[PDB]
Amino acid sequence: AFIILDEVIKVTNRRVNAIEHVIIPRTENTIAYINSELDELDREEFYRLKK
Amino acid sequence: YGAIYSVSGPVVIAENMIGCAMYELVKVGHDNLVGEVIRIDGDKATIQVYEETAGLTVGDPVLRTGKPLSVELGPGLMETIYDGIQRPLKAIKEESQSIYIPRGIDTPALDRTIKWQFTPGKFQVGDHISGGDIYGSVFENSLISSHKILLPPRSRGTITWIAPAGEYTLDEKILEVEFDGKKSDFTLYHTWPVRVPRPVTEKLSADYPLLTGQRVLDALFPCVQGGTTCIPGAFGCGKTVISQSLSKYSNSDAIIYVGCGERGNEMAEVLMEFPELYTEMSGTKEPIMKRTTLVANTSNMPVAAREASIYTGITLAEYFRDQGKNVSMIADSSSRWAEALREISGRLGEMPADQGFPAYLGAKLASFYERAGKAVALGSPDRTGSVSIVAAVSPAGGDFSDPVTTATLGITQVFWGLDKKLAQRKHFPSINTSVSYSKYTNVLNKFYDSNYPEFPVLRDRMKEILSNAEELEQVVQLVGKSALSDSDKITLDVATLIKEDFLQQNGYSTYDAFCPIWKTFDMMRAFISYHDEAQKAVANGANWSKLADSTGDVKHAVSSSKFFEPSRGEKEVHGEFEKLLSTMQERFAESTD
Amino acid sequence: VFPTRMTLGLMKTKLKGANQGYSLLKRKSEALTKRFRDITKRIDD
Amino acid sequence: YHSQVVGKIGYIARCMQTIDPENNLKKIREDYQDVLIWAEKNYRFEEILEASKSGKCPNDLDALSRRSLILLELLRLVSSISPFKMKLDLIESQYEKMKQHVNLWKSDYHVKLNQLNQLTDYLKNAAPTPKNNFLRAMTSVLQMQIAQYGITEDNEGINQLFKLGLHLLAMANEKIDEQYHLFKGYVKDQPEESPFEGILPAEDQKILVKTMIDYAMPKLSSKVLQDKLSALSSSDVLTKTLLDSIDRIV
Amino acid sequence: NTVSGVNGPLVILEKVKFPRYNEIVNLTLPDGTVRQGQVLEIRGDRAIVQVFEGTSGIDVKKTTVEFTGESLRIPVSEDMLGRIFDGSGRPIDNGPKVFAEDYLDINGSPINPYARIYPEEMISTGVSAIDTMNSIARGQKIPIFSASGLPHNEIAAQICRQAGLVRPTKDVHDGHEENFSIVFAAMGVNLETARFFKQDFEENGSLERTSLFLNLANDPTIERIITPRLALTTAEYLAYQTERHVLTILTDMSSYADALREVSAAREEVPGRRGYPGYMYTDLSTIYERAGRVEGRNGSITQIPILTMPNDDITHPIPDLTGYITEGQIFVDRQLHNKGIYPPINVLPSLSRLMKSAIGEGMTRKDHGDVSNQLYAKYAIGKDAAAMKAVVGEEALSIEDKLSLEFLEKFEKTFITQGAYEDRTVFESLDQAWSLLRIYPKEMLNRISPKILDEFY
Amino acid sequence: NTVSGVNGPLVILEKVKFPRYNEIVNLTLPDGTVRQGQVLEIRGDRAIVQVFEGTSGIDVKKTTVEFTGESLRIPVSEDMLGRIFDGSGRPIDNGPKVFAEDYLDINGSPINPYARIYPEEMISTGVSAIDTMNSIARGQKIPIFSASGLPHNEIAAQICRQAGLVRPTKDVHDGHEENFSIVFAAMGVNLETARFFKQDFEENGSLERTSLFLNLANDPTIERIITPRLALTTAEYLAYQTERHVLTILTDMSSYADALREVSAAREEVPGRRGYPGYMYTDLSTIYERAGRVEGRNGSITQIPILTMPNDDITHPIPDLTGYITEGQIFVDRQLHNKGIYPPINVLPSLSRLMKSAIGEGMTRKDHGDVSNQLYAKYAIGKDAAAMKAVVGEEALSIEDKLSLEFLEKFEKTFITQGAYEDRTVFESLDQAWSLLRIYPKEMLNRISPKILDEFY
């Protein structure tokens with residue numbers, strides 16, 4: 001049981017760092033760029049319609 | 001004819017204009033600046049000014065030429081630099097003493113101070129002629145005459161008088177056409193508008209192989225004679241290196257260079273680098289600059305030359321394809337012409353579509369993409385020609401979701417990839433299967449793979465290993481290398497070696513030379529045999545470090561193979577790639593036992 | 001080319017799921033580290 | 001529409017009259033009688049356009065483009081085989097065999113005429129040299145064998161002469177040892193005793209024998225070797241015994 | 001009629017309101033060339049017309065306009081098939097005139113018997129993946145969705161290459177009880193892609209039963225958008241006049257959306273969001289208004305439009321607006337095309353609600369949608385198991401997740417992999433789907449009944 | 001005439017259309033302050049003019065307008081060095097005289113002094129990664145990329161201070177053949193930021209070798225936008241007149257893009273993406289077009305702009321358009337500056353399309369380009385191995401990731417480590433990069449040639 005816990009501790013320590021490292025930046029940058037493009041893309045039709 | 005009523009921004013208003021057409025080229029004011037009629041409302045016509053001017057008074061007269069803006073078609077285009085408005089840059093550089101376009105100038109459409117040798121073809125007195133037939137030829141190159149003397153389109157009749165061989169000028173007439181009386185005389189040079197596409201005899205399928213000269217381009221998805229290709233990417237991907245390497249290493253009869261707005265150093269580096277290099281198609285005495293036409297467009301140049309540069313280059317490429325020679329058009333890039341059209345649409349006050357770009361960009365790009373292609377040459381002789389247009393695209397804000405890249409990638413049939421992470425390793429442009437595809441790769445691999453080549457099996461296995469290399473790198477980065485096997489490490493090393501040897505174009509000792517499909521077939525067969533021997537050798541018991549150290553000088557010799565010149569003992573097979581199969585078999589046999 | 005519309009609603013659930021899975025993997029790694037320490041002492045004793 | 005068909009009919013009539021003015025191709029000229037009938041009499045463009053628009057002449061520009069392209073390829077193949085003479089039955093059978101294919105410029109027959117046109121085009125605008133003389137004699141023997149045997153048969157001599165001409169054209173101005181070794185290897189591989197006799201003139205073989213004698217003459221540093229190598233220079237033909245005796249003397 | 005001015009493709013003329021809406025007029029230019037145009041909008045003391053072929057060469061006082069006095073109509077007859085015709089008046093399309101014996105409007109003014117008949121017989125183009133996942137019947141609008149970065153012209157060329165060979169198997173399958181007619185409508189596409197489809201149709205041997213329409217990409221958008229109403233009017237006139245099954249393909253919808261976005265630049269109407277006009281649902285519904293069953297059971301009309309997503313999103317105006325008028329949708333796979341499989345598709349968002357009632361008896365089994373629902377749930381479970389197993393590894397995947405992951409790769413590399421000219425019946429596709437579906441046990445499936453699942457597994 | 005109204009920085013005045021475009025005009029106010037402007041639009045009974053100085057406080061019937069009758073031109077002279085002033089066309093602070101003897105146009109093409117050939121030289125700036133990993137030369141444009149968290153002003157002032165002292169060591173080392181000139185132009189900057197740059201320039205060098213161009217934050221964007229035309233005209237007239245190398249610092253590009261992108265909504269024109277105007281590519285292209293070699297083969301104009309990201313994202317059109325328009329790309333990383341590296345210039349996203357022309361071949365070795373490309377590929381492989389050391393660390397890392405991590409750590413902590421006033425050379429940087437690249441094995445150095453790699457092995 002000690003060899004199994006010592007074997008699983010490295011995989012949990014690797015997955016805990018990789019899952020926290022690779023998770024946030026792609027969805028954060030893609031969501032911020034998608035909302036940033038969707039804001040001006042939504043406002044441009046209202047500005048052209050008002051003009 | 002007309003009078004300027006008001007000037008607001010880059011657009012001017014001219015009243016008393018009832019004979020001006022749509023897109024007609026005229027001169028506004030006393031500066032003689034280039035302009036065109038974009039819209040008209042009643043007696044006052046709106047004329048957009050593309051050249052920079054800060055001395056245009058309100059009330060100056062506008063002189064219309066009476067026809068739309070186009071380019072001249074005749075002998076004298078090769079070995080000379082011209083702008084998008086059909087203006088000579090060498091005469092403005094020698095006379096005005098300025099390399100760039102000054103604020104207000106006026107010159108002819110072509111060089112009228114250089115005589116050419118005009119020779120008569122197979123025509124005679126009393127024979128019928130038509131628009132597109134080879135009425136003669138003009139000696140311009142040492143190998144063959146590139147400027148073919150042809151009649152203008154939409155013209156026919158009988159040849160009443162044929163001029164003899166000798167030296168003459170473009171202004172002097174040497175041909176007379178008799179059709180329903182005295183119609184008019186013909187000269188050595190002819191005019192054609194840039195807003196009207198030239199006609200053709202008949203269209204043909206694009207299934208002929210086009211030797212671009214790039215091992216990475218022809219190795220993954222080689223283009224065909226008469227197709228369309230798009231290449232996206234940010235700044236620093238190697239568009240001028242692929243244009244100069246595709247123009248110099250190309251085997252076509254003519255090269256069409258179209259600059260739609262650059263920094264300025266790339267046009268002088270490509271123009272000075274074009275005649276300083278040696279062509280690999282059996283030519284000398286400036287073979288790259290003699291058969292290549294350079295269109296000089298800067299970033300601060302006029303919008304009429306940048307917007308009409310693709311129409312002038314497509315018209316000159318259509319005239320060179322109609323003359324009977326195969327021409328390859330390399331343009332970089334359409335993002336400056338789309339940004340100039342969006343700037344003209346924003347200054348004109350029209351309704352845009354998205355991000356300031358107009359809705360007519362899809363029809364304008366569809367007209368230029370439809371005007372190019374492979375087909376039969378127009379004329380009584382029925383010659384064979386081709387027009388291969390390769391234009392790269394760029395984003396407007398850093399994203400590839402713009403309408404220019406989406407419309408150019410959607411309307412095109414061949415795509416060229418580009419990796420930002422692979423471009424940092426000096427491998428730009430690097431793409432194998434993830435960012436590029438080709439519909440004509442099956443017919444090109446079937447036609448070129450008939451007698452000499454065996455590219456389809458190594459290209460299919462290399463495309464499968466290149467597609468699995470992304471999942472192996474993502475699984476190795478996400479989970480780790482403990483769950484992966486030796487086959488994923490051997491395929492990852494083979495994908496890095498094939499990507500570094502094929503995607504890499506910049507050397508460390510000198511510039512890369514031309515490489516045919518037979519030279520890249522030995523490297524792809526050596527990489528497929530090394531990956532198959534490495535994967536099959538690990539099944540019977542073998543270490544990965546023993547096989548990777550057992551490779552040794554094969555990776556260093558495979559990297560320096562592109563720097564050497566071709567024809568070192570054979571044209572289809574090389575002696576350097578033959579030792580890698582015996583060394584891989586000896587290392588695979590020694591690694592097993 | 002990438003999808004612009006309807007991407008933040010799909011990425012928000014993956015961001016919240018990764019944000020919960022990071023804390024769950026951190027707590028499971030902490031409990032596995034404490035049990036590995038206690039088993040490390042009990043194995044020597 | 002009608003102007004392209006009238007121009008293709010007049011260009012097909014001018015190419016048909018310039019191809020064979022002796023009236024020997026009755027099979028090729030029989031199918032072109034509808035275009036040669038309007039070309040055999042004086043008529044304007046309005047009469048040909050009005051006669052073609054009223055359903056009295058050929059109006060298929062797509063079929064007339066390929067039919068005029070086949071006659072232009074036959075006239076280019078017949079004109080490219082000069083000064084050698086080709087048979088009329090071989091030209092009619094070659095035009096009938098080429099016309100019966102689904103793709104004219106898809107087989108090796110158009111690639112052989114394009115390679116012969118590029119080989120003659122490369123030597124048509126070049127000065128006299130050893131590679132131009134050997135490539136001119138190989139192009140003359142390839143034109144004589146191509147005119148005598150036709151383009152339908154895939155002989156090994158035509159492919160070897162075309163591969164030697166393309167390999168000689170692929171070289172540069174610094175490979176005269178490889179061009180002389182390719183000429184000696186190509187001349188030694190021929191089964192006949194002389195590869196230029198009866199096809200080219202004696203002055204062209206004497207210029208190549210004087211070029212090989214002048215090339216092998218500066219490498220000899222003896223009076224016996226210079227006299228023995230110089231004794232073979234009194235011939236007006238190129239034989240394998242001259243190169244074999246010159247190789248043993250050097 | 002003297003034109004006052006011209007702004008872009010639209011021209012403004014000064015005259016009385018004598019002509020009506022959709023009135024054809026002839027524009028006389030000073031360059032010796034006459035062009036035709038249709039009035040898009042009529043007003044009091046002014047008219048706005050759009051040039052069908054080019055806009056270069058329009059003056060103010062040197063040029064003049066004249067009204068033809070007839071509405072825009074295409075002549076359709078029983079001899080249009082077997083040759084190349086055009087409705088724009090061009091001599092490079094094998095004749096500018098068709099010489100038809102009947103005059104019909106392009107908007108269906110005289111008759112429009114559609115939207116009042118349900119489908120009875122099923123249709124199949126020879127694809128086991130397309131017909132197996134979505135039930136296509138006679139008279140249903142099943143659209144094929146494309147994306148930017150994939151060969152949609154090769155898939156449309158394969159769909160046009162499959163036309164003509166499914167007509168002989170449809171007679172033996174009892175799915176078609178009359179003659180088969182093919183209608184080709186091209187507008188906005190390049191001539192290089194249309195030449196490969198015409199060479200593939202001529203090489204396949206089905207050019208005699210099909211009619212080709214050539215629309216260039218350098219003409220106005222009113223002619224390219226007006227060509228699908230003439231092609232659907234000729235297909236509806238041929239299907240209702242002769243009592244035959246008409247199958248029409250419309251490519252591409254992106255060029256029609258760009259032509260509709262470029263239009264209305266001088267009219268009183270304004271475009272909506274994203275540059276496209278707000279009335280695009282009426283223009284897209286006008287082409288689909290001529291599709292469906294015919295009145296009295298006189299043949300049927302089938303329409304398969306080819307649309308390519310420029311942004312690659314499913315929330316665009318073309319796929320979102322076209323999806324409401326159609327039934328379901330078929331989304332292609334961009335990653336499957338790079339692996340070397342065609343035609344790649346995705347069964348996750350692709351679903352048909354009328355696939356059960358659209359299928360008939362004697363040409364298909366009753367258990368087609370039951371295996372399709374379990375195959376779509378197994379594909380979604382394989383995609384979720386691959387996405388969940390991609391991040392963490394082999395820990396969050398279950399026993400059903402590995403079988404769905406292997407069934408997604410085996411089904412994606414077995415059913416999706418097929419030839420471009422090959423054909424197969426519905427029994428062979430159902431037998432291949434039943435054979436490929438036997439990778440999971442019967443104790444972990446709930447999208448099918450136990451009686452039909454126990455008999456065939 | 002008289003001003004009809006005022007809305008923002010633009011003043012709408014009613015007058016005749018007799019004045020030409022780009023004519024200088026002066027507004028006379030009752031407060032005793034005269035403001036200069038340029039006529040942007042001319043029409044009948046109305047005109048649109050933009051005032052350079054002042055944004056509010058202009059009466060309609062209480063103010064008057066006067067026509068000067070001269071085009072917009074800035075007087076450039078050879079005595080601009082050693083004089084303090086602001087860029088508005090005249091000295092606003094009452095400093096030195098801006099009067100000169102030559103008149104140059106500011107439209108973008110005064111004489112067309114742009115070079116028509118590829119240049120070949122070695123530009124030294126004191127940075128090892130900027131000189132070796134950038135490949136800069138005479139007449140090459142290189143933009144400095146920074147963020148809101150990192151000190152981009154201190155990095156630009158330190159790069160200008162090192163580049164001002166690194167030029168005399170190269171001129172003594174035979175890297176140039178003319179004098180050096182500096183052009184300092186501030187737009188939208190504070191007095192405390194300009195005082196640190198003036199104190200660093202006075203401490204590192206003198207006050208006569210550079211030009212004084214100050215822009216206040218309380219002024220309009222039209223007055224700050226006029227500074228680049230006078231700085232480019234003074235740098236072009238000074239570089240063309242005396243045949244000296246001119247180095248111009250454009251700070252900041254966010255204020256110049258915020259002026260033309262600022263006034264894009266109050267007019268009748270439609271803007272582009274992100275609220276910017278559609279003519280910003282021609283506005284930045286007009287300043288970027290005046291770069292390269294000068295006439296005579298003894299002159300050159302170097303542009304070293306400083307751009308600050310206002311959102312910290314790559315979706316901005318100013319960084320992509322400025323980096324795509326410029327021949328180089330210099331990116332700054334806040335993670336390298338946070339660890340303690342000075343200057344924190346990242347060489348991973350830095351890539352230029354003119355590395356062959358920027359690399360020198362007559363004043364330096366030919367292996368600088370191959371050593372810079374191999375050092376950049378080894379730096380990217382060390383960055384990917386550093387990301388693999390961040391993900392796994394010691395569970396899946398091989399010997400190649402450890403050697404690439406050690407070479408990336410030694411090269412990152414050795415090559416990117418420097419002070420604030422010391423300078424380096426390409427010969428010492430080649431041996432320093434060869435010493436860090438010497439630790440790599442021969443099997444991993446197959447991208448380089450064996451002759452150059454065997455000499456430094």
# chains A, B, ... in the order shown; residues from 1 in each chain; ligands from 1

call {"tool": "closest_atom_pairs", "arguments": {"of": "chain D", "to": "chain B", "cutoff": "9 Å", "atoms": "only C-alpha atoms", "output": "JSON lines"}}
result
{"residue": "D:3", "atom": "CA", "partner": "B:156", "partner_atom": "CA", "distance": 7.3}
{"residue": "D:4", "atom": "CA", "partner": "B:130", "partner_atom": "CA", "distance": 7.3}
{"residue": "D:5", "atom": "CA", "partner": "B:380", "partner_atom": "CA", "distance": 8.7}
{"residue": "D:6", "atom": "CA", "partner": "B:130", "partner_atom": "CA", "distance": 8.4}
{"residue": "D:7", "atom": "CA", "partner": "B:130", "partner_atom": "CA", "distance": 5.3}
{"residue": "D:8", "atom": "CA", "partner": "B:380", "partner_atom": "CA", "distance": 4.6}
{"residue": "D:9", "atom": "CA", "partner": "B:380", "partner_atom": "CA", "distance": 7.9}
{"residue": "D:10", "atom": "CA", "partner": "B:128", "partner_atom": "CA", "distance": 5.8}
{"residue": "D:11", "atom": "CA", "partner": "B:380", "partner_atom": "CA", "distance": 5.1}
{"residue": "D:12", "atom": "CA", "partner": "B:380", "partner_atom": "CA", "distance": 7.5}
{"residue": "D:14", "atom": "CA", "partner": "B:127", "partner_atom": "CA", "distance": 7.7}
{"residue": "D:15", "atom": "CA", "partner": "B:381", "partner_atom": "CA", "distance": 8.6}
{"residue": "D:44", "atom": "CA", "partner": "B:157", "partner_atom": "CA", "distance": 7.7}
{"residue": "D:45", "atom": "CA", "partner": "B:157", "partner_atom": "CA", "distance": 6.4}
{"residue": "D:46", "atom": "CA", "partner": "B:180", "partner_atom": "CA", "distance": 9.0}
{"residue": "D:61", "atom": "CA", "partner": "B:201", "partner_atom": "CA", "distance": 7.7}
{"residue": "D:62", "atom": "CA", "partner": "B:202", "partner_atom": "CA", "distance": 6.4}
{"residue": "D:65", "atom": "CA", "partner": "B:382", "partner_atom": "CA", "distance": 6.3}
{"residue": "D:66", "atom": "CA", "partner": "B:382", "partner_atom": "CA", "distance": 8.1}
{"residue": "D:68", "atom": "CA", "partner": "B:382", "partner_atom": "CA", "distance": 6.7}
{"residue": "D:69", "atom": "CA", "partner": "B:382", "partner_atom": "CA", "distance": 5.7}
{"residue": "D:72", "atom": "CA", "partner": "B:381", "partner_atom": "CA", "distance": 7.2}
{"residue": "D:106", "atom": "CA", "partner": "B:208", "partner_atom": "CA", "distance": 8.9}
{"residue": "D:121", "atom": "CA", "partner": "B:144", "partner_atom": "CA", "distance": 7.7}
{"residue": "D:122", "atom": "CA", "partner": "B:143", "partner_atom": "CA", "distance": 6.7}
{"residue": "D:124", "atom": "CA", "partner": "B:143", "partner_atom": "CA", "distance": 8.9}
{"residue": "D:125", "atom": "CA", "partner": "B:143", "partner_atom": "CA", "distance": 6.5}
{"residue": "D:126", "atom": "CA", "partner": "B:143", "partner_atom": "CA", "distance": 8.4}
{"residue": "D:167", "atom": "CA", "partner": "B:571", "partner_atom": "CA", "distance": 8.4}
{"residue": "D:169", "atom": "CA", "partner": "B:282", "partner_atom": "CA", "distance": 7.2}
{"residue": "D:170", "atom": "CA", "partner": "B:282", "partner_atom": "CA", "distance": 6.9}
{"residue": "D:171", "atom": "CA", "partner": "B:567", "partner_atom": "CA", "distance": 8.3}
{"residue": "D:172", "atom": "CA", "partner": "B:282", "partner_atom": "CA", "distance": 8.2}

call {"tool": "residues_around", "arguments": {"residues": "residue 348 in chain F", "least_positions_apart": "2", "cutoff": "9 Å", "atoms": "only C-alpha atoms", "output": "PyMOL selection string"}}
result
(chain B and resi 421+424-425) or (chain F and resi 331+346+350-351+376-377+379-380+383)

call {"tool": "residues_around", "arguments": {"residues": "range 32-36 of chain A", "least_positions_apart": "3", "cutoff": "12 Å", "atoms": "only C-alpha atoms", "output": "MDAnalysis selection string"}}
result
(chainID A and resid 24:29 39:43) or (chainID B and resid 397:401) or (chainID C and resid 2:12) or (chainID F and resid 273:275 311:316)

call {"tool": "calpha_fit_rmsd", "arguments": {"fixed": "chain F", "moving": "chain E"}}
result
1.8 Å

call {"tool": "residues_around", "arguments": {"residues": "residue 20 in chain A", "least_positions_apart": "6", "cutoff": "9 Å", "atoms": "only C-alpha atoms", "output": "VMD selection string"}}
result
chain C and resid 18 to 19 21 to 23

call {"tool": "atom_distance", "arguments": {"atom1": "CA of residue 264 in chain F", "atom2": "CA of residue 11 in chain F"}}
result
14.5 Å

call {"tool": "closest_residue", "arguments": {"among": "D:64, D:182, D:77, D:217", "to": "residue 233 in chain D", "atoms": "only C-alpha atoms"}}
result
D:217

call {"tool": "interface_residues", "arguments": {"of": "chain E", "to": "chain A", "cutoff": "12 Å", "atoms": "only C-alpha atoms", "output": "list in words"}}
result
residues 269, 270, 271, 272, 273, 274, 275, 276, 277, 278, 388, 390, 391, 392, 393, 394 and 395 of chain E

call {"tool": "closest_atom_pairs", "arguments": {"of": "chain E", "to": "chain B", "cutoff": "8 Å", "atoms": "only C-alpha atoms", "output": "JSON lines"}}
result
{"residue": "E:4", "atom": "CA", "partner": "B:42", "partner_atom": "CA", "distance": 4.8}
{"residue": "E:5", "atom": "CA", "partner": "B:41", "partner_atom": "CA", "distance": 4.5}
{"residue": "E:6", "atom": "CA", "partner": "B:40", "partner_atom": "CA", "distance": 5.3}
{"residue": "E:7", "atom": "CA", "partner": "B:39", "partner_atom": "CA", "distance": 4.5}
{"residue": "E:8", "atom": "CA", "partner": "B:39", "partner_atom": "CA", "distance": 6.6}
{"residue": "E:55", "atom": "CA", "partner": "B:22", "partner_atom": "CA", "distance": 7.1}
{"residue": "E:56", "atom": "CA", "partner": "B:22", "partner_atom": "CA", "distance": 5.3}
{"residue": "E:57", "atom": "CA", "partner": "B:21", "partner_atom": "CA", "distance": 5.2}
{"residue": "E:58", "atom": "CA", "partner": "B:21", "partner_atom": "CA", "distance": 5.2}
{"residue": "E:59", "atom": "CA", "partner": "B:21", "partner_atom": "CA", "distance": 5.0}
{"residue": "E:60", "atom": "CA", "partner": "B:18", "partner_atom": "CA", "distance": 5.0}
{"residue": "E:61", "atom": "CA", "partner": "B:18", "partner_atom": "CA", "distance": 5.4}
{"residue": "E:62", "atom": "CA", "partner": "B:19", "partner_atom": "CA", "distance": 6.0}
{"residue": "E:147", "atom": "CA", "partner": "B:410", "partner_atom": "CA", "distance": 8.0}
{"residue": "E:148", "atom": "CA", "partner": "B:410", "partner_atom": "CA", "distance": 5.1}
{"residue": "E:149", "atom": "CA", "partner": "B:409", "partner_atom": "CA", "distance": 6.5}
{"residue": "E:150", "atom": "CA", "partner": "B:437", "partner_atom": "CA", "distance": 7.7}
{"residue": "E:151", "atom": "CA", "partner": "B:439", "partner_atom": "CA", "distance": 7.1}
{"residue": "E:153", "atom": "CA", "partner": "B:413", "partner_atom": "CA", "distance": 7.9}
{"residue": "E:154", "atom": "CA", "partner": "B:439", "partner_atom": "CA", "distance": 7.3}
{"residue": "E:188", "atom": "CA", "partner": "B:366", "partner_atom": "CA", "distance": 7.9}
{"residue": "E:189", "atom": "CA", "partner": "B:411", "partner_atom": "CA", "distance": 7.7}
{"residue": "E:190", "atom": "CA", "partner": "B:370", "partner_atom": "CA", "distance": 5.6}
{"residue": "E:191", "atom": "CA", "partner": "B:370", "partner_atom": "CA", "distance": 6.3}
{"residue": "E:192", "atom": "CA", "partner": "B:205", "partner_atom": "CA", "distance": 7.2}
{"residue": "E:195", "atom": "CA", "partner": "B:205", "partner_atom": "CA", "distance": 6.9}
{"residue": "E:196", "atom": "CA", "partner": "B:205", "partner_atom": "CA", "distance": 6.6}
{"residue": "E:217", "atom": "CA", "partner": "B:366", "partner_atom": "CA", "distance": 5.6}
{"residue": "E:218", "atom": "CA", "partner": "B:367", "partner_atom": "CA", "distance": 4.9}
{"residue": "E:255", "atom": "CA", "partner": "B:362", "partner_atom": "CA", "distance": 7.9}
{"residue": "E:258", "atom": "CA", "partner": "B:359", "partner_atom": "CA", "distance": 6.7}
{"residue": "E:259", "atom": "CA", "partner": "B:363", "partner_atom": "CA", "distance": 7.8}
{"residue": "E:261", "atom": "CA", "partner": "B:359", "partner_atom": "CA", "distance": 6.0}
{"residue": "E:262", "atom": "CA", "partner": "B:359", "partner_atom": "CA", "distance": 4.7}
{"residue": "E:265", "atom": "CA", "partner": "B:351", "partner_atom": "CA", "distance": 7.2}
{"residue": "E:274", "atom": "CA", "partner": "B:353", "partner_atom": "CA", "distance": 6.0}
{"residue": "E:275", "atom": "CA", "partner": "B:353", "partner_atom": "CA", "distance": 4.0}
{"residue": "E:276", "atom": "CA", "partner": "B:353", "partner_atom": "CA", "distance": 7.4}
{"residue": "E:308", "atom": "CA", "partner": "B:410", "partner_atom": "CA", "distance": 7.7}
{"residue": "E:310", "atom": "CA", "partner": "B:406", "partner_atom": "CA", "distance": 5.4}
{"residue": "E:311", "atom": "CA", "partner": "B:401", "partner_atom": "CA", "distance": 6.2}
{"residue": "E:338", "atom": "CA", "partner": "B:433", "partner_atom": "CA", "distance": 6.2}
{"residue": "E:339", "atom": "CA", "partner": "B:464", "partner_atom": "CA", "distance": 6.7}
{"residue": "E:390", "atom": "CA", "partner": "B:475", "partner_atom": "CA", "distance": 7.1}
{"residue": "E:391", "atom": "CA", "partner": "B:478", "partner_atom": "CA", "distance": 6.3}
{"residue": "E:392", "atom": "CA", "partner": "B:479", "partner_atom": "CA", "distance": 6.6}
{"residue": "E:393", "atom": "CA", "partner": "B:479", "partner_atom": "CA", "distance": 6.1}

call {"tool": "residues_around", "arguments": {"residues": "residue 25 in chain E", "least_positions_apart": "4", "cutoff": "6 Å", "atoms": "only C-alpha atoms", "output": "PyMOL selection string"}}
result
chain E and resi 36-37+66-68

call {"tool": "write_last_selection", "arguments": {"atoms": "C-alpha atoms", "output": "PDB file, in the first residue's frame"}}
result
ATOM      1  CA  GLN E  36     -29.748  44.075 -69.303  1.00  0.00           C
ATOM      2  CA  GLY E  37     -30.860  44.945 -65.789  1.00  0.00           C
ATOM      3  CA  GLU E  66     -34.805  51.838 -72.478  1.00  0.00           C
ATOM      4  CA  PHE E  67     -37.455  49.604 -70.932  1.00  0.00           C
ATOM      5  CA  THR E  68     -38.099  46.178 -72.428  1.00  0.00           C
TER       6      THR E  68
END

call {"tool": "residues_around", "arguments": {"residues": "range 48-53 of chain F", "least_positions_apart": "3", "cutoff": "6 Å", "atoms": "only C-alpha atoms", "output": "VMD selection string"}}
result
chain F and resid 10 to 12 35 to 41 222 to 223

call {"tool": "atom_distance", "arguments": {"atom1": "CA of residue 84 in chain D", "atom2": "CA of residue 239 in chain D"}}
result
22.3 Å

call {"tool": "interface_residues", "arguments": {"of": "chain E", "to": "chain D", "cutoff": "10 Å", "atoms": "only C-alpha atoms", "output": "list in words"}}
result
residues 90, 91, 92, 94 and 95 of chain E

call {"tool": "write_last_selection", "arguments": {"atoms": "C-alpha atoms", "output": "short mmCIF file (atom, residue, chain, number, x, y, z; two decimals), in the first residue's frame"}}
result
data_model
loop_
_atom_site.label_atom_id
_atom_site.label_comp_id
_atom_site.auth_asym_id
_atom_site.auth_seq_id
_atom_site.Cartn_x
_atom_site.Cartn_y
_atom_site.Cartn_z
CA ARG E 90 -23.47 34.96 -72.64
CA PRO E 91 -21.96 33.25 -75.72
CA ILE E 92 -19.37 31.29 -73.69
CA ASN E 94 -22.83 26.91 -75.20
CA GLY E 95 -25.45 29.41 -76.32
#
